[PDB]
Every structure is written in C-alpha cells, then in structure tokens.
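Student: Below is structure.pdb; it holds PDB, C-alpha atoms.
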```
ATOM      1  CA  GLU A  92    -238.763 -17.811  62.894
ATOM      2  CA  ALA A  93    -241.624 -17.047  65.285
ATOM      3  CA  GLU A  94    -240.262 -16.648  68.816
ATOM      4  CA  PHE A  95    -242.930 -15.739  71.370
ATOM      5  CA  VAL A  96    -242.889 -12.055  72.314
ATOM      6  CA  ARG A  97    -241.154 -11.403  75.640
ATOM      7  CA  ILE A  98    -244.191  -9.604  77.075
ATOM      8  CA  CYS A  99    -243.513  -7.873  80.397
ATOM      9  CA  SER A 100    -244.357  -9.713  83.623
ATOM     10  CA  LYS A 101    -248.110 -10.316  83.835
ATOM     11  CA  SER A 102    -247.962 -10.539  87.639
ATOM     12  CA  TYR A 103    -247.893  -6.733  87.864
ATOM     13  CA  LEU A 104    -251.426  -6.760  86.429
ATOM     14  CA  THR A 105    -252.692  -8.008  89.795
ATOM     15  CA  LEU A 106    -252.065  -6.112  93.040
ATOM     16  CA  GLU A 107    -253.081  -6.945  96.609
ATOM     17  CA  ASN A 108    -254.961  -4.343  98.622
ATOM     18  CA  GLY A 109    -255.396  -2.297  95.459
ATOM     19  CA  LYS A 110    -256.082  -2.200  91.728
ATOM     20  CA  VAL A 111    -253.924  -1.926  88.609
ATOM     21  CA  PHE A 112    -254.823   0.310  85.657
ATOM     22  CA  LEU A 113    -253.642  -0.634  82.162
ATOM     23  CA  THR A 114    -253.609   1.685  79.160
ATOM     24  CA  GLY A 115    -252.267   1.489  75.617
ATOM     25  CA  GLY A 116    -251.218  -2.149  75.745
ATOM     26  CA  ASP A 117    -252.580  -5.682  75.419
ATOM     27  CA  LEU A 118    -251.067  -8.967  74.233
ATOM     28  CA  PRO A 119    -249.967  -9.482  71.649
ATOM     29  CA  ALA A 120    -249.282  -5.735  71.876
ATOM     30  CA  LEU A 121    -248.100  -3.043  74.286
ATOM     31  CA  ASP A 122    -246.071  -0.405  72.411
ATOM     32  CA  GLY A 123    -244.618   0.676  75.745
ATOM     33  CA  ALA A 124    -247.850   0.206  77.678
ATOM     34  CA  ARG A 125    -248.196   2.412  80.756
ATOM     35  CA  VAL A 126    -249.793   1.486  84.075
ATOM     36  CA  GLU A 127    -250.965   3.492  87.081
ATOM     37  CA  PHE A 128    -251.045   1.943  90.561
ATOM     38  CA  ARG A 129    -253.509   2.811  93.327
ATOM     39  CA  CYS A 130    -254.567   0.935  96.467
ATOM     40  CA  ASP A 131    -257.935   0.799  98.233
ATOM     41  CA  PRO A 132    -259.261   3.955 100.004
ATOM     42  CA  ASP A 133    -257.263   3.283 103.174
ATOM     43  CA  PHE A 134    -253.711   2.557 102.032
ATOM     44  CA  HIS A 135    -251.536   5.283 100.519
ATOM     45  CA  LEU A 136    -249.100   4.315  97.772
ATOM     46  CA  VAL A 137    -245.542   5.462  98.489
ATOM     47  CA  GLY A 138    -243.236   3.892  95.913
ATOM     48  CA  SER A 139    -243.140   2.602  92.350
ATOM     49  CA  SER A 140    -246.633   3.963  91.699
ATOM     50  CA  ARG A 141    -245.765   4.607  88.049
ATOM     51  CA  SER A 142    -244.448   1.783  85.851
ATOM     52  CA  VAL A 143    -244.172   1.144  82.107
ATOM     53  CA  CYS A 144    -243.478  -2.015  80.100
ATOM     54  CA  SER A 145    -240.245  -1.930  78.081
ATOM     55  CA  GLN A 146    -237.838  -4.546  76.709
ATOM     56  CA  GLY A 147    -239.831  -7.321  78.363
ATOM     57  CA  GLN A 148    -239.557  -5.666  81.771
ATOM     58  CA  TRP A 149    -241.294  -2.955  83.793
ATOM     59  CA  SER A 150    -239.376   0.207  84.704
ATOM     60  CA  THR A 151    -240.352   0.038  88.376
ATOM     61  CA  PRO A 152    -241.376  -3.163  90.245
ATOM     62  CA  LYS A 153    -244.133  -3.506  92.841
ATOM     63  CA  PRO A 154    -244.290  -0.699  95.466
ATOM     64  CA  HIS A 155    -245.858  -0.807  98.940
ATOM     65  CA  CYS A 156    -249.112   0.607 100.323
ATOM     66  CA  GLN A 157    -249.302   1.652 103.980
ATOM     67  CA  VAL A 158    -252.508   1.660 106.031
ATOM     68  CA  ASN A 159    -253.589   5.058 107.312
TER      69      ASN A 159
END
```
Now, as a test, write the supplied structure out as structure tokens.

Tutor:
Amino acid sequence: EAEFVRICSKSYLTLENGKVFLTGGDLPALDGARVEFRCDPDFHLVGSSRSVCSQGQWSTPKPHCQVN
C-alpha cells in the first residue's frame, strides 16, 4: 500500500577519522547511489573504499584506515 522504502544503511554516511562522499542519491531516492570513502590526511584507506547502495544494502561495508 505504501511500505517505507528500504533505504540502505544511513550509518555509512558518517565515518570516523575521515569523510564520506555521496553522489547520485538522496532519500527518498538513490537509483543505485555511489559513495567514495577517504580518511583525513594521515590515514590511508585500505579496504572497502568503494561502496554502492543496492537492494537496501551497500556492496561493501566499512573499511579501515591506518595511520601513517
């Protein structure tokens, strides 16, 4: 009838020791929104840097940034 859209986890939006970049997506919309991860100028991202919303779930979860 009008079930709420199963938008992907919003938690991913926020990231400690870094910043999350959103593009082509925003409730109540996303059309397979893509997001690029990148930590502060000191920690190098070595994991699920790239992630995209799909079927109410992101392809890759939260990665891990290591201090130089």

Student: What residues come out when you apply the PyMOL selection byres ((chain A and resi 123) around 8) to this file, written as a list in words?

Tutor: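 With the PyMOL selection byres ((chain A and resi 123) around 8) on this model, the match is residues 115, 116, 121, 122, 124, 125, 143, 144 and 145 of chain A.
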
Student: Using only C-alpha atoms for the distances, tell me which of A:135, A:129, A:97, A:110 is nearest to residue A:158.

Tutor: A:135

Student: Using only C-alpha atoms, which of A:138, A:130, A:159, A:150 sits nearest residue A:105?

Tutor: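 Residue with the minimum atom-to-atom distance to residue A:105: A:130.
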
Student: I need the output of the PyMOL selection byres ((chain A and resi 131) around 6) for this file as a count of residues only; which residues are they?

Tutor: 6

Student: Would you mind reading off the distance between atom CA of residue A:111 and atom CA of residue A:96, one decimal, in Å?

Tutor: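 About the pair atom CA of residue A:111 and atom CA of residue A:96: they are 22.1 Å apart.
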
Student: Counting only C-alpha atoms, find the residues whose atoms lie at most 8 Å from (-246.9, 2.1, 98.7) (file coordinates) and write them out as a list in words.

Tutor: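 Protein and nucleic acid residues near the point are residues 134, 135, 136, 137, 138, 139, 140, 154, 155, 156 and 157 of chain A.
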
Student: Could you jot down the atom CA of residue A:151 to atom CA of residue A:104 separation for me, Å, one decimal place?

Tutor: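 About the pair atom CA of residue A:151 and atom CA of residue A:104: they are 13.1 Å apart.
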
Student: For residue A:128, which residue among A:149, A:95, A:112, A:103 is the nearest when counting all atoms listed in the file?

Tutor: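 The shortest atom-to-atom distance to residue A:128 comes from A:112.
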
Student: What is the atom CA of residue A:114 to atom CA of residue A:100 distance in Å?

Tutor: 15.3 Å

Student: Hey, which of A:93, A:106, A:113, A:99 ends up closest to residue A:148? Count all atoms listed in the file.

Tutor: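 Checking each of A:93, A:106, A:113, A:99 against residue A:148, counting all atoms listed in the file, the winner is A:99.
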
Student: Taking all atoms of stretch 99-111 of chain A that the file lists, what box with edges along x, y and z, padded by 8 Å per side, do you get, with centre and edge lengths in Å to one decimal, as lines of an AutoDock Vina configuration file?

Tutor:
```
center_x = -249.8
center_y = -6.2
center_z = 89.5
size_x = 28.6
size_y = 24.6
size_z = 34.2
```
